[PDB]
>>> print(open('upload21.txt').read())   # compact mmCIF, C-alpha atoms and all ligand atoms
# COMPACT_ATOMS: atom_id res chain seq x y z
CA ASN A 35 -0.09 -9.73 30.85
CA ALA A 36 2.64 -7.79 32.66
CA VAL A 37 3.82 -6.17 29.40
CA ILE A 38 0.47 -4.40 29.07
CA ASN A 39 0.07 -3.74 32.82
CA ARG A 40 3.05 -1.42 33.36
CA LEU A 41 2.67 0.36 30.02
CA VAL A 42 -0.79 1.21 31.33
CA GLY A 43 0.86 2.13 34.61
CA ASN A 44 3.56 4.58 33.49
CA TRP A 45 1.97 6.02 30.30
CA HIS A 46 1.34 9.33 32.13
CA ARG A 47 5.13 9.39 32.73
CA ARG A 48 6.56 8.57 29.25
CA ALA A 49 3.95 9.82 26.74
CA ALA A 50 5.12 12.55 24.36
CA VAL A 51 1.69 14.21 24.73
CA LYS A 52 2.84 15.16 28.28
CA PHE A 62 14.26 27.23 11.97
CA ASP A 63 17.30 27.70 9.73
CA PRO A 64 16.34 28.56 6.10
CA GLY A 65 19.85 27.26 5.33
CA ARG A 66 18.91 23.69 6.39
CA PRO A 67 17.05 21.27 4.10
CA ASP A 68 13.55 20.29 5.34
CA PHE A 69 13.97 16.65 4.25
CA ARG A 70 16.58 14.12 2.97
CA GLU A 71 17.53 14.28 -0.72
CA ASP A 72 18.01 10.49 -0.89
CA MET A 73 14.30 9.94 -0.07
CA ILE A 74 13.21 11.80 -3.26
CA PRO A 75 12.87 9.42 -6.19
CA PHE A 76 13.83 12.13 -8.72
CA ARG A 77 17.12 12.70 -6.79
CA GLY A 78 18.37 9.46 -8.43
CA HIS A 79 17.54 10.49 -12.00
CA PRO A 80 19.32 12.91 -14.43
CA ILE A 81 16.32 15.32 -14.37
CA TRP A 82 17.56 16.42 -10.91
CA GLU A 83 20.44 18.20 -12.74
CA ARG A 84 17.95 20.27 -14.76
CA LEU A 85 16.25 21.56 -11.61
CA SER A 86 16.98 24.97 -10.07
CA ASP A 87 18.09 25.40 -6.43
CA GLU A 88 14.64 26.88 -5.73
CA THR A 89 12.84 23.83 -7.19
CA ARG A 90 15.21 21.41 -5.37
CA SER A 91 14.48 23.23 -2.13
CA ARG A 92 10.69 23.08 -2.67
CA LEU A 93 10.94 19.35 -3.49
CA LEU A 94 12.66 18.88 -0.10
CA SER A 95 9.84 20.86 1.65
CA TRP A 96 7.21 18.84 -0.33
CA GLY A 97 9.02 15.67 0.76
CA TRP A 98 8.60 16.53 4.45
CA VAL A 99 4.99 17.62 3.95
CA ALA A 100 4.28 14.33 2.12
CA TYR A 101 6.02 12.34 4.89
CA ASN A 102 3.82 14.08 7.47
CA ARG A 103 0.71 13.45 5.39
CA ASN A 104 1.48 9.73 5.08
CA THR A 105 1.97 9.52 8.84
CA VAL A 106 -1.35 11.36 9.55
CA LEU A 107 -3.14 9.10 7.06
CA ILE A 108 -1.68 5.98 8.83
CA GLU A 109 -2.80 7.24 12.27
CA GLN A 110 -6.27 8.31 11.15
CA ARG A 111 -7.15 5.65 8.52
CA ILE A 112 -5.34 2.54 9.79
CA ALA A 113 -3.99 2.70 13.34
CA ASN A 114 -6.72 4.44 15.30
CA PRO A 115 -9.51 2.59 13.44
CA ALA A 116 -7.86 -0.73 14.35
CA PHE A 117 -7.50 0.42 17.96
CA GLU A 118 -11.20 1.38 18.02
CA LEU A 119 -12.19 -2.09 16.67
CA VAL A 120 -10.06 -3.72 19.38
CA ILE A 121 -11.91 -1.81 22.12
CA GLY A 122 -15.30 -2.52 20.47
CA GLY A 123 -14.64 -6.27 20.60
CA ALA A 124 -14.24 -7.00 16.88
CA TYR A 125 -11.48 -9.61 17.53
CA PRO A 126 -11.40 -12.82 19.63
CA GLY A 127 -8.74 -13.37 22.30
CA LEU A 128 -8.58 -9.77 23.56
CA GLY A 129 -10.80 -8.03 26.15
CA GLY A 130 -9.99 -7.21 29.74
CA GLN A 131 -9.84 -3.78 31.32
CA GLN A 132 -6.10 -3.33 31.17
CA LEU A 133 -5.89 -3.84 27.40
CA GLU A 134 -8.78 -1.38 26.86
CA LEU A 135 -6.83 1.22 28.87
CA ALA A 136 -3.55 0.55 27.02
CA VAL A 137 -5.28 0.90 23.64
CA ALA A 138 -7.29 3.99 24.70
CA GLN A 139 -3.96 5.51 25.75
CA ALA A 140 -2.35 4.68 22.40
CA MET A 141 -5.30 6.35 20.65
CA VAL A 142 -4.47 9.57 22.53
CA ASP A 143 -0.86 9.16 21.40
CA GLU A 144 -1.82 8.67 17.72
CA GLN A 145 -3.98 11.74 17.77
CA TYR A 146 -1.10 13.73 19.32
CA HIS A 147 1.27 12.37 16.63
CA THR A 148 -1.27 13.52 14.02
CA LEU A 149 -1.14 16.98 15.60
CA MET A 150 2.70 17.01 15.68
CA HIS A 151 2.90 16.09 12.03
CA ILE A 152 0.20 18.61 11.05
CA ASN A 153 2.25 21.25 12.96
CA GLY A 154 5.47 20.09 11.24
CA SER A 155 3.92 20.95 7.89
CA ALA A 156 2.42 24.18 9.23
CA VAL A 157 5.81 25.42 10.45
CA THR A 158 7.30 24.63 7.02
CA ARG A 159 4.49 26.46 5.19
CA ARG A 160 4.81 29.48 7.49
CA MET A 161 8.64 29.63 7.40
CA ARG A 162 9.07 28.90 3.66
CA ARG A 163 6.22 31.33 2.86
CA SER A 164 4.30 28.82 0.71
CA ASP A 165 1.09 26.75 0.65
CA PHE A 166 2.42 23.19 0.16
CA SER A 167 -1.21 22.13 0.37
CA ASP A 168 -2.17 18.63 1.50
CA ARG A 169 -4.99 18.85 -1.10
CA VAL A 170 -2.33 18.60 -3.84
CA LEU A 171 -1.29 15.16 -2.47
CA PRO A 172 -3.29 11.99 -3.21
CA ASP A 173 -3.87 9.29 -0.59
CA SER A 174 -0.52 7.79 0.36
CA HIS A 175 0.47 4.39 -1.03
CA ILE A 176 -0.21 2.43 2.17
CA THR A 177 -3.61 4.23 2.36
CA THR A 178 -4.47 3.25 -1.23
CA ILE A 179 -3.51 -0.40 -0.74
CA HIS A 180 -5.40 -0.55 2.58
CA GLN A 181 -8.45 0.83 0.76
CA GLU A 182 -8.09 -1.59 -2.19
CA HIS A 183 -8.04 -4.56 0.18
CA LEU A 184 -11.03 -3.15 2.04
CA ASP A 185 -12.99 -2.77 -1.25
CA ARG A 186 -12.24 -6.42 -2.18
CA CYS A 187 -13.70 -7.69 1.14
CA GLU A 188 -17.14 -9.27 1.05
CA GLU A 189 -17.78 -9.67 4.76
CA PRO A 190 -17.45 -7.39 7.78
CA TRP A 191 -15.03 -9.76 9.57
CA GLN A 192 -12.71 -9.51 6.55
CA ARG A 193 -12.70 -5.69 6.64
CA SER A 194 -11.83 -5.72 10.35
CA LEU A 195 -9.08 -8.29 9.93
CA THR A 196 -7.71 -6.29 6.99
CA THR A 197 -7.48 -3.21 9.17
CA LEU A 198 -5.86 -5.16 12.06
CA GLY A 199 -3.22 -6.56 9.71
CA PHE A 200 -2.29 -3.21 8.16
CA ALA A 201 -2.34 -1.54 11.63
CA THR A 202 -0.15 -4.26 13.12
CA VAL A 203 2.33 -3.72 10.29
CA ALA A 204 2.16 0.04 10.81
CA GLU A 205 2.68 -0.02 14.56
CA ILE A 206 5.51 -2.56 14.43
CA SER A 207 7.21 -0.97 11.42
CA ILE A 208 6.78 2.76 12.12
CA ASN A 209 9.93 3.01 14.27
CA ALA A 210 11.93 2.16 11.16
CA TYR A 211 10.03 4.74 9.06
CA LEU A 212 10.59 7.41 11.74
CA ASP A 213 14.30 6.33 12.05
CA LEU A 214 14.86 7.67 8.50
CA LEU A 215 14.60 11.25 9.82
CA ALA A 216 14.86 10.89 13.61
CA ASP A 217 18.70 10.83 13.53
CA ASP A 218 19.46 13.22 10.69
CA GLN A 219 21.45 16.21 11.92
CA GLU A 220 21.44 18.03 8.54
CA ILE A 221 17.64 18.61 8.33
CA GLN A 222 15.64 21.18 10.31
CA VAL A 223 15.88 20.31 13.95
CA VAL A 224 12.17 21.00 14.46
CA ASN A 225 11.60 18.23 11.86
CA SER A 226 14.09 15.78 13.38
CA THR A 227 12.77 16.48 16.88
CA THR A 228 9.17 16.06 15.81
CA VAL A 229 10.04 12.65 14.32
CA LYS A 230 12.12 11.63 17.43
CA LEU A 231 9.25 12.54 19.79
CA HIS A 232 6.88 10.41 17.73
CA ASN A 233 9.48 7.61 17.68
CA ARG A 234 9.61 7.54 21.51
CA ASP A 235 5.93 6.56 21.79
CA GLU A 236 6.04 4.01 19.03
CA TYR A 237 8.34 1.54 20.83
CA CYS A 238 5.53 0.93 23.27
CA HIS A 239 2.90 0.79 20.48
CA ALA A 240 4.91 -1.99 18.78
CA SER A 241 4.80 -4.09 21.95
CA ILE A 242 1.05 -3.61 22.46
CA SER A 243 0.30 -4.26 18.78
CA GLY A 244 2.58 -7.32 18.65
CA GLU A 245 1.00 -8.82 21.76
CA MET A 246 -2.51 -8.19 20.41
CA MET A 247 -1.59 -9.81 17.11
CA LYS A 248 -0.28 -12.94 18.85
CA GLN A 249 -3.43 -13.39 20.90
CA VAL A 250 -5.88 -12.63 18.07
CA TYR A 251 -4.03 -15.04 15.74
CA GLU A 252 -4.15 -17.80 18.40
CA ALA A 253 -7.88 -17.31 19.09
CA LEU A 254 -8.91 -17.20 15.41
CA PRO A 255 -9.94 -20.25 13.34
CA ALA A 256 -7.51 -21.41 10.67
CA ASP A 257 -9.27 -19.76 7.71
CA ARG A 258 -9.38 -16.39 9.45
CA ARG A 259 -5.77 -16.73 10.78
CA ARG A 260 -4.55 -17.21 7.26
CA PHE A 261 -6.54 -14.22 5.95
CA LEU A 262 -5.01 -12.03 8.65
CA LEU A 263 -1.36 -13.00 7.77
CA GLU A 264 -2.08 -12.36 4.08
CA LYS A 265 -3.14 -8.80 5.01
CA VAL A 266 0.01 -8.42 7.13
CA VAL A 267 2.12 -9.43 4.12
CA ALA A 268 0.25 -7.03 1.81
CA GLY A 269 0.56 -4.29 4.42
CA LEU A 270 4.33 -4.67 4.79
CA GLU A 271 4.94 -4.59 1.04
CA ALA A 272 2.88 -1.38 0.79
CA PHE A 273 4.36 0.22 3.91
CA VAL A 274 8.03 -0.08 2.91
CA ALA A 275 7.62 0.95 -0.76
CA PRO A 276 8.54 4.42 -1.99
CA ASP A 277 5.41 6.41 -2.85
CA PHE A 278 5.96 6.96 -6.55
CA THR A 279 2.43 8.16 -7.01
CA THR A 280 2.63 10.93 -4.34
CA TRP A 281 5.92 12.07 -5.82
CA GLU A 282 4.30 12.21 -9.27
CA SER A 283 1.67 14.61 -7.86
CA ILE A 284 4.38 16.79 -6.30
CA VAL A 285 6.51 17.14 -9.45
CA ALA A 286 3.42 17.79 -11.67
CA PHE A 287 2.29 20.55 -9.33
CA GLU A 288 5.71 22.15 -9.38
CA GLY A 289 5.68 22.13 -13.19
CA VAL A 290 8.92 20.18 -13.58
CA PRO A 291 9.58 19.92 -17.34
CA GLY A 292 9.44 16.30 -18.51
CA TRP A 293 8.41 14.90 -15.13
CA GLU A 294 6.11 12.32 -16.70
CA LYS A 295 8.78 10.62 -18.83
CA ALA A 296 11.24 10.70 -15.92
CA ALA A 297 8.62 9.30 -13.53
CA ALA A 298 8.18 6.28 -15.80
CA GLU A 299 11.99 5.83 -15.93
CA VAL A 300 12.15 6.13 -12.16
CA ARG A 301 9.45 3.44 -11.60
CA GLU A 302 11.35 1.19 -13.97
CA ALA A 303 14.76 1.67 -12.33
CA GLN A 304 13.59 2.02 -8.68
CA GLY A 305 10.57 -0.29 -8.49
CA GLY A 306 11.51 -3.11 -6.15
CA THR A 307 13.63 -0.86 -3.91
CA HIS A 308 12.41 -0.28 -0.38
CA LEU A 309 12.23 3.16 1.24
CA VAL A 310 12.15 1.35 4.58
CA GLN A 311 14.73 -1.43 4.67
CA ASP A 312 14.63 -2.26 8.40
CA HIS A 313 11.92 -4.96 8.56
CA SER A 314 13.13 -6.27 11.94
CA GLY A 315 9.79 -5.42 13.56
CA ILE A 316 7.60 -7.76 11.54
CA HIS A 317 10.41 -10.30 10.99
CA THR A 318 10.66 -10.64 14.76
CA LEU A 319 6.87 -10.76 15.28
CA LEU A 320 6.45 -13.49 12.67
CA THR A 321 9.45 -15.46 14.08
CA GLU A 322 8.02 -15.31 17.61
CA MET A 323 4.62 -16.50 16.34
CA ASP A 324 6.23 -19.48 14.52
CA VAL A 325 4.83 -18.40 11.11
FE FE B 401 1.95 7.21 16.08
FE FE B 402 1.41 4.05 16.89
>>> encode(input="upload21.txt", output="structure tokens")
Amino acid sequence: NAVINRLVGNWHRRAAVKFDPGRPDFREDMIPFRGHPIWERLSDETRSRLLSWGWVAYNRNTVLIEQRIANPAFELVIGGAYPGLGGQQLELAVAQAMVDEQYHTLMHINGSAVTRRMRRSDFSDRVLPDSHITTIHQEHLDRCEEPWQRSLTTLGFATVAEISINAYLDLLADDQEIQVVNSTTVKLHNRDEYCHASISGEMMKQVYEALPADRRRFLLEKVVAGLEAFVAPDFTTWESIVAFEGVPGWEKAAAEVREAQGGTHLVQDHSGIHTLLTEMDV
């Protein structure tokens, strides 16, 4: 596989791993409460902290994806959990991507740290619950009865992640209003993920082909579930943020928001998985 081979070859060349208080830390249009009348009752200070919390939450979701979904799938690939893979070159490509994911985790942890330090505030990760994709991943895991199911569940969600994360990162990578440290952090991550999408897509094709029909189907079902979870706004995380900030009447508004905004996608570019599924003839 010459896709894999040269990625392995020039990783050491391309890999990312080798403040204005007047700027917002995040995009207003990615805050669910921004689209509700309660936003008009909020002070400039509260609006600002919601923007900071937004960025912190975005970083947390990304860290949770890398640590709970992506790297664990990569580790299962190297350990031989899936048929149709193997070979030295793939092991090296995946091992490389694991370094990248860990570095992305560090970049996003630092993104939050800079914000905490510069805004002079905690914005603690401990205030945030597990992100929505993390929750749904876990729910599917808990419904599994067999080890092979758990592993296929993780592959499916990871494949979705790796192939869709460019679009999630795109939401901030090109914004020139927000902090440039934030934009630049997201862009640097984005650079690595193009190559992750290729690896992940290739691996998905070959695992799918080598699996028996029952297991193939189970895998696609987890892909579907993953994509739905991945592109959704995280209403639940945003509910934790507004409760912590003591926003008057957040609970009633949050219900109104879920009603009006449920069925919208935070991530609307699904070209990654659309293209993967088209190429696979499924
Ligand atoms: Fe990453
Ligand atoms: Fe990745």
>>> closest_residue(input="upload21.txt", among="A:176, A:309, A:246, A:120", to="residue 269 (chain A)", atoms="all atoms listed in the file")
A:176
>>> closest_residue(input="upload21.txt", among="A:285, A:262, A:320, A:135", to="residue 170 (chain A)", atoms="all atoms listed in the file")
A:285
>>> atom_distance(input="upload21.txt", atom1="CA of residue 254 (chain A)", atom2="CA of residue 144 (chain A)")
26.9 Å
>>> residues_near_point(input="upload21.txt", point="(-7.2, 0.4, 21.3)", cutoff="9 Å", atoms="only C-alpha atoms", output="list in words")
residues 113, 114, 115, 116, 117, 118, 119, 120, 121, 122, 133, 134, 135, 136, 137, 138, 139, 140 and 141 of chain A
>>> closest_atom_pairs(input="upload21.txt", of="chain A", to="ligand FE 401 (chain B)", cutoff="9 Å", atoms="only C-alpha atoms and all ligand atoms", output="Markdown table")
| residue | atom | partner | partner_atom | distance |
| --- | --- | --- | --- | --- |
| A:105 | CA | B:FE401 | FE | 7.6 |
| A:106 | CA | B:FE401 | FE | 8.4 |
| A:108 | CA | B:FE401 | FE | 8.2 |
| A:109 | CA | B:FE401 | FE | 6.1 |
| A:113 | CA | B:FE401 | FE | 7.9 |
| A:140 | CA | B:FE401 | FE | 8.1 |
| A:141 | CA | B:FE401 | FE | 8.6 |
| A:143 | CA | B:FE401 | FE | 6.3 |
| A:144 | CA | B:FE401 | FE | 4.4 |
| A:145 | CA | B:FE401 | FE | 7.7 |
| A:146 | CA | B:FE401 | FE | 7.9 |
| A:147 | CA | B:FE401 | FE | 5.2 |
| A:148 | CA | B:FE401 | FE | 7.4 |
| A:204 | CA | B:FE401 | FE | 8.9 |
| A:205 | CA | B:FE401 | FE | 7.4 |
| A:208 | CA | B:FE401 | FE | 7.7 |
| A:232 | CA | B:FE401 | FE | 6.1 |
| A:233 | CA | B:FE401 | FE | 7.7 |
| A:235 | CA | B:FE401 | FE | 7.0 |
| A:236 | CA | B:FE401 | FE | 6.0 |
| A:239 | CA | B:FE401 | FE | 7.8 |
>>> closest_residue(input="upload21.txt", among="A:311, A:213, A:234, A:256", to="ligand FE 402 (chain B)", atoms="only C-alpha atoms and all ligand atoms")
A:234
>>> residues_near_point(input="upload21.txt", point="(12.9, 23.9, 12.1)", cutoff="7 Å", atoms="only C-alpha atoms", output="PDB file with C-alpha atoms, keeping the file's coordinate frame")
ATOM      1  CA  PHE A  62      14.260  27.230  11.970  1.00  0.00           C
ATOM      2  CA  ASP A  63      17.300  27.700   9.730  1.00  0.00           C
ATOM      3  CA  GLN A 222      15.640  21.180  10.310  1.00  0.00           C
ATOM      4  CA  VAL A 223      15.880  20.310  13.950  1.00  0.00           C
ATOM      5  CA  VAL A 224      12.170  21.000  14.460  1.00  0.00           C
ATOM      6  CA  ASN A 225      11.600  18.230  11.860  1.00  0.00           C
TER       7      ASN A 225
END
>>> closest_residue(input="upload21.txt", among="A:211, A:128, A:87, A:237", to="ligand FE 402 (chain B)", atoms="all atoms listed in the file")
A:237
>>> axis_aligned_box(input="upload21.txt", around="region 153-156 of chain A", padding_each_side="6 Å", output="AutoDock Vina command-line options")
--center_x 3.9 --center_y 22.1 --center_z 10.4 --size_x 15.2 --size_y 16.1 --size_z 17.1
